[PDB]
Amino acid sequence: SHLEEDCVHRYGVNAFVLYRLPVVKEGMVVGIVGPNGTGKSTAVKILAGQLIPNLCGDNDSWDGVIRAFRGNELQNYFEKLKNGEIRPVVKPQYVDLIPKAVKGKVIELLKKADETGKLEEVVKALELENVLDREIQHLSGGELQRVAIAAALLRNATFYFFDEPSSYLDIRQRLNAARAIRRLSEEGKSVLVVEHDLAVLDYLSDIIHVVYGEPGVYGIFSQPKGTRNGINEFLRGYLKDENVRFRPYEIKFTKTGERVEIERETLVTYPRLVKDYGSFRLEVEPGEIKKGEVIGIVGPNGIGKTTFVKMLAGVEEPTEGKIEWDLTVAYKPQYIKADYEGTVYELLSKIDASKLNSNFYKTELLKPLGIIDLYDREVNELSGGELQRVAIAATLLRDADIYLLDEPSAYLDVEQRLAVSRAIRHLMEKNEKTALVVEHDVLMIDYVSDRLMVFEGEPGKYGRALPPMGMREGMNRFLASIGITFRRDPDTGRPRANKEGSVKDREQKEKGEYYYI
Amino acid sequence: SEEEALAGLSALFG
Ligand SMILES: Nc1ncnc2c1ncn2[C@@H]1O[C@H](COP(=O)(O)OP(=O)(O)O)[C@@H](O)[C@H]1O
Ligand SMILES: Nc1ncnc2c1ncn2[C@@H]1O[C@H](COP(=O)(O)OP(=O)(O)O)[C@@H](O)[C@H]1O
Ligand SMILES: [Mg+2]
Ligand SMILES: [Mg+2]
């Protein structure tokens, strides 16, 4: 490792160094997974032709790159790139910035991008019908993301690169987008994709690269791996052929003998609830919450998931129905704006200083979420991802009967998501407390949950919360509405997506068994 | 905000 010939790019005002690049292949989806700050987007910019790599020296031409990749399958790729025979289509990471770069209505922009005549089909697949007449200034993060994916899908090219397409998308939208993206590979096109949602990455990919190193300092692309081996090696934290142990422990999913079936005592019940906001209505079916369980909450956005959590938190009053509880609630809101003049250490030490000094909390919460490295940071200067982790930590440090975490995966990289899953679960097991977690990341839902609460309905119009039910029944119901099936992986115990049209997918769809444990 | 973005995004759309 760290070979000079493999040194692809060094940022001058930074000194971050990237080693190696992923393979791209027509008729294949190549997936890229790794912590942020390790060069994933840098690699995409290079392969797209947007950044001429300097080879960790002073190279400033494609000729120098072509020579450096002598005897590499990428040599001819870069020749074609240099000569304009190829011009990759790039759905970039920074979809937030679309309003600053582009004006006008959405329909206008997708018309321009239409080089395939599939405007209606793409608009359908990404469910953009209600967004077509909107002006870009009035689009949500999630709508900006889907308009970007749409515009990339509509271009005619050979190479299509998608940098973090699941960001801002609900569970339905990310899985639908993955299906639509993968269809490019069935047409003989090449797809490169960077993803932090491991279920989506799995479903998307034929080949996987793991990116490893030290965020902000250096990153290295693994050798190409099969999808199963790659993700399994990522979870184990050890790349065998490269002989690199990049995490000192394994991230394990539940194998079928681990968690004892327990008939839990009821903590609280709630009756039928209704919450109206003008023309929107949420109806919640009567349900029960057990002592010491975690309920995962899943569904499309615009449906009342947050609204439900807010009623549980006592920050919102139901329109109809009555919550009669004598419980303490700790609440991690979906959207947080820092308004705190002090450091992370000050904030968390004032919640529970004894827990900050506890070995269990250091091991299971503070170290894995990277909170200790944030201790002397001002809370008001934290980024989205930093503030998310601190808020989760702050919530889990409180002493409560019930912990409510609304979309903790937002702004988190793959490594941080796995850490957050483990922390929620281990802390709730340790302290014998109860949690509800709203999440769109399927592997997070699978790791944290004992039972599942499904929301269904029409975004912005109506929503219905089903009573909490078993993992199998819950996921079957949800996944039926998307038409995607998952099996279990014997090695890691992780849910493993069946690709569209595969034999296991057919067998499962006929039996109506969309999800195994 | 970086002018790298306005280039990247306009290419996808424009
Ligand atoms: N234009 C740039 N100038 C200087 N440094 C940069 C630039 N772009 C990225 N970097 C640095 O390189 C590292 C890797 O960036 P990036 O490829 O965006 O990582 P990833 O996409 O894996 O999060 C980051 O820590 C970042 O600070
Ligand atoms: N305070 C409010 N006033 C009016 N409408 C609201 C309010 N809060 C949420 N809504 C609307 O209620 C619906 C449900 O939103 P929310 O509960 O945030 O859904 P989810 O969390 O499932 O995405 C949405 O259409 C949203 O616009
Ligand atoms: Mg990136
Ligand atoms: Mg919400």
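Below, chains carry the letters A, B, ... as their sequence lines are ordered, and counting in each starts from 1. All heavy atoms count here, side chains included; hydrogens, waters and symmetry mates do not. In listed order, ligands and their atoms are each counted from 1.
Taking backbone and side chain together, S41(A) holds an N, O or S atom under 2.8 Å from the Mg ion (ligand 3). When distances to the Mg ion (ligand 4) are checked against a cut-off of 2.8 Å, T307(A) contributes no N, O or S atom below that limit. At least one N, O or S atom of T306(A), from either the backbone or the side chain, sits less than 2.8 Å from the Mg ion (ligand 4). For the Mg ion (ligand 3), the N/O/S atoms of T42(A) include none lying under 2.8 Å.
Using a distance-only test at 3.5 Å, with no hydrogens or angles considered, no donor-acceptor pair links the side chain of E143(A) to the main chain of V131(A). In this structure, the side chain of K40(A) does not engage the main chain of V33(A) through any donor-acceptor pair within 3.5 Å. A donor-acceptor pair is defined here as one N or O able to donate and one able to accept, closer than 3.5 Å; no such pair exists between the side chain of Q75(A) and the backbone of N72(A).
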Verify salt bridge (charged side-chain N to carboxylate O under 4.0 Å, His left out) between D197(A) and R174(A), making sure each step is shown before the conclusion. CA-CA 9 Å; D197(A) 183 316; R174(A) 65 182 65 187; 2.7 Å; yes
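Counted within 6.0 Å of CG on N130(A), heavy atoms from surrounding residues, nucleotides or ligands total 12 or fewer; the atom is thus considered open.
Those atoms of ligand 1 that come under 4.0 Å of a heavy atom in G216(A), given as number and element, are 25 (O). Short contacts between ligand 1 and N36(A), defined as distances under 4.0 Å to a heavy atom of the residue, involve ligand atoms 23 (O). In summary, the atoms of ligand 1 found under 4.0 Å from a heavy atom of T38(A), numbered by their order in the structure, are 19 (O), 22 (O).
Considering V211(A), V13(A), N14(A), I46(A) only, the shortest heavy-atom separation from atom 11 (C) of ligand 1 involves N14(A). Relative to atom 2 (C) of ligand 1, the option among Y94(A), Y11(A), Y218(A) with the closest non-hydrogen atom is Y11(A).
Taking only nitrogen or oxygen atoms, main chain and side chain alike, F16(A) does not reach within less than 3.5 Å of ligand 1.
Using a 4.0 Å cut-off between charged side-chain N and carboxylate O, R182(A) and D206(A) make a salt bridge.
Under 3.5 Å, the side chains of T434(A) and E293(A) contain no donor-acceptor pair of N or O atoms.
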